[PDB]
Amino acid sequence: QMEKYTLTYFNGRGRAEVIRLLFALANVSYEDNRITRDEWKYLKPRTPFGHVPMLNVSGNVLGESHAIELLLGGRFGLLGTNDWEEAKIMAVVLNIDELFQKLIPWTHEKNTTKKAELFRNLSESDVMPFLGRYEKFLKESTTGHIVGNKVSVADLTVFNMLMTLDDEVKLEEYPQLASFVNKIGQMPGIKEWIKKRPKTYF
Amino acid sequence: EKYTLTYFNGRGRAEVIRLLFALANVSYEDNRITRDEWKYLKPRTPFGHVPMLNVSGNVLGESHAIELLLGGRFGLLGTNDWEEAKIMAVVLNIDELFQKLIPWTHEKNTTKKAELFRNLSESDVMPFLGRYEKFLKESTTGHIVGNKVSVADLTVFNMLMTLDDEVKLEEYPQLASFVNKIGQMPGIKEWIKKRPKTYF
Ligand SMILES: N[C@@H](CCC(=O)N[C@@H](CS)C(=O)NCC(=O)O)C(=O)O
Ligand SMILES: N[C@@H](CCC(=O)N[C@@H](CS)C(=O)NCC(=O)O)C(=O)O
């Protein structure tokens with residue numbers, strides 16, 4: 001008997017989307033529970049840390065996006081082939097989290113002038129360093145993976161962030177990242193999920 | 001193995017790693033650098049931060065990735081993948097509280113510092129105490145997760161020590177027993193006595 005997975009998050013990509021990509025890529029079925037703010041009022045105090053995403057695995061509850069990505073990544077064979085690769089994959093995931101956190105105001109700014117200003121102010125300090133970093137990791141990789149020789153949670157995380165930034169970065173100047181984003185995006189499971197998934201502002 | 005930990009001369013985000021080494025009784029080089037040396041070193045780290053771990057010439061960044069690696073090699077991530085993930089959830093949760101406490105830790109004037117803390121008390125510190133008091137009440141053995149000491153215990157212990165002047169554990173008997181129990185464990189106790197005395 002398969003574990004029953006239920007992911008709870010708002011109706012949005014946000015901090016849940018890498019988890020949704022892991023399920024998509026692994027072709028592992030789960031319930032994609034998207035709640036409203038109002039439903040969240042009641043649910044928040046019964047969660048372990050007062051946040052979403054949350055994962056329910058056959059009656060047992062786990063919080064924290066990167067802990068959930070750890071668990072699923074491990075079960076789905078997306079944490080490399082040894083404990084060193086696993087740790088390097090998780091380091092990347094945690095590094096992208098810092099960038100995600102810096103981008104929160106931008107993601108939620110619906111005024112286009114103000115949103116462009118938020119982004120401008122992060123361009124040199126965070127976005128350009130991100131692109132350079134991951135361009136270089138890939139340049140130094142022989143297989144076009146962020147860590148090791150197969151797809152991992154880190155690939156999905158960097159992929160997801162590139163999609164987040166798609167309208168604001170030019171990947172012609174980062175040919176490794178351009179190739180990578182097309183490769184991950186064409187993977188079965190991922191490709192159908194991107195077409196399928198609810199279109200949300202963030 | 002040859003482990004080198006690089007961080008500032010401080011507890012900060014390296015100290016749980018230092019506690020893991022202490023508890024496991026595993027030798028490592030505790031490399032503490034100055035702010036000035038860090039200017040030079042920063043671009044050759046993977047992400048532009050410390051802590052960093054060098055394991056026989058290979059480098060790993062991210063305090064929680066280092067914790068995950070060392071924790072796993074030392075048996076401090078529970079007994080299965082579910083325990084491990086619950087342990088790391090606690091670690092990641094406490095990291096949010098650490099981030100919120102950053103201005104407070106770095107403000108040295110006593111009245112400005114107290115004002116920083118009080119504005120976080122009901123919003124963040126009190127919820128933290130209630131949360132971890134309850135996790136312990138749910139444990140039969142007085143561990144945050146599972147039946148054995150883990151990285152989660154070391155993380156909650158370190159944060160409680162960080163807050164030791166500001167926090168009364170009068171109403172949190174579970175946490176008070178816990179803080180005592182962890183601090184008395186072989187290796188931890190000696191490390192706390194030996195370690196360099198720093199403001200942060
Ligand atoms: N450490 C976290 C933070 C999760 C988080 O801050 N979630 C936000 C949404 S992106 C949330 O639950 N907001 C509603 C609330 O905090 O009440 C994780 O990575 O899961
Ligand atoms: N995601 C991080 C961040 C580490 C971090 O913010 N380290 C600070 C000291 S607490 C630092 O490297 N400051 C110097 C710098 O960022 O240039 C981790 O958990 O290792």
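Read the numbers this way: they start at 1 and go in the same order the structure lists the ligands and their atoms. Letters A, B, ... mirror the listed sequences (proteins, then strands); counts begin at 1.
Backbone and side-chain nitrogen or oxygen atoms of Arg37(A) are examined, and none is located within less than 3.5 angstrom of a nitrogen or oxygen of ligand 1. Residue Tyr7(B) places no N or O, backbone or side chain, under 3.5 Å from any N or O of ligand 2. For a threshold of 3.5 Å applied to N or O pairs, the pair formed by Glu64(A) and ligand 1 contains at least one separation below that value. Considering backbone and side-chain N/O atoms, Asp97(A) never comes within less than 3.5 Å of an N/O atom of ligand 1.
With salt bridges taken as basic N to acidic carboxylate O contacts below 4.0 Å, one links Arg13(B) and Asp95(B).
One option in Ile17(B), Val50(B), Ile102(B) has a heavy atom closer to atom 7 (N) of ligand 2 than any other, and that option is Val50(B). Closest heavy-atom approach to atom 6 (O) of ligand 1 within the set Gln99(B), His51(A), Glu69(A): this belongs to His51(A). The heavy atom nearest to atom 17 (O) of ligand 2, out of those in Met52(B), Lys42(B), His106(B), is found in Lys42(B).
Smallest separation of non-hydrogen atoms from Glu133(B) and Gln174(B): OE2-N, 2.9 Å. Counting all heavy atoms, side chain and backbone alike, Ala154(A) lies closest to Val92(A) at CB-CG1, 3.6 Å.
No side-chain donor-acceptor contact under 3.5 Å links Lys113(B) to the backbone of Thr105(B). Judged by distance alone, with hydrogens and angles left aside, the side-chain atoms of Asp155(A) form a donor-acceptor pair with the main-chain N or O of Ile146(A) at under 3.5 Å.
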| task | Would you sort out whether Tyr134(A) and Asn95(A) count as a side chain to side chain donor-acceptor pair (under 3.5 Å), showing the intermediate values? | result | CA-CA 11 Å; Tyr134(A) 288 95; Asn95(A) 176 60; 2.7 Å; yes
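Among protein heavy atoms, the minimum distance from atom 19 (O) of ligand 2 is reached at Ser63(B) OG, 2.6 Å. Nearest protein heavy-atom neighbour of atom 13 (N) of ligand 2: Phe8(B) CE1, 3.9 Å.
Proximity of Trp40(A) to ligand 1, defined as any heavy-atom pair under 4.0 Å, is confined to the side chain (atoms from C-beta onward).
Judged by the shortest distance from any of its heavy atoms, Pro53(A) lies inside the 4.0 Å radius around the atoms of ligand 1.
Note on ring orientation: taking the six-membered ring where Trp is involved, the planes of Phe202(A) and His108(A) are tilted (angle from 30° to 60°). The aromatic rings of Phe23(A) and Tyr30(A) sit parallel to each other, their planes meeting at less than 30°, with 60° as the upper class boundary.
Proximity to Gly50(A) (heavy-atom distance under 4.0 Å) selects the following atoms of ligand 1: 15 (C), 16 (O), 17 (O). The distance from ligand 1 to the heavy atoms of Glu96(B) drops below 4.0 Å at these ligand atoms: 1 (N), 2 (C), 3 (C).
Interatomic distance, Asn60(A) CG to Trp82(B) CH2, rounded to the nearest 0.5 Å: 5.5 Å.
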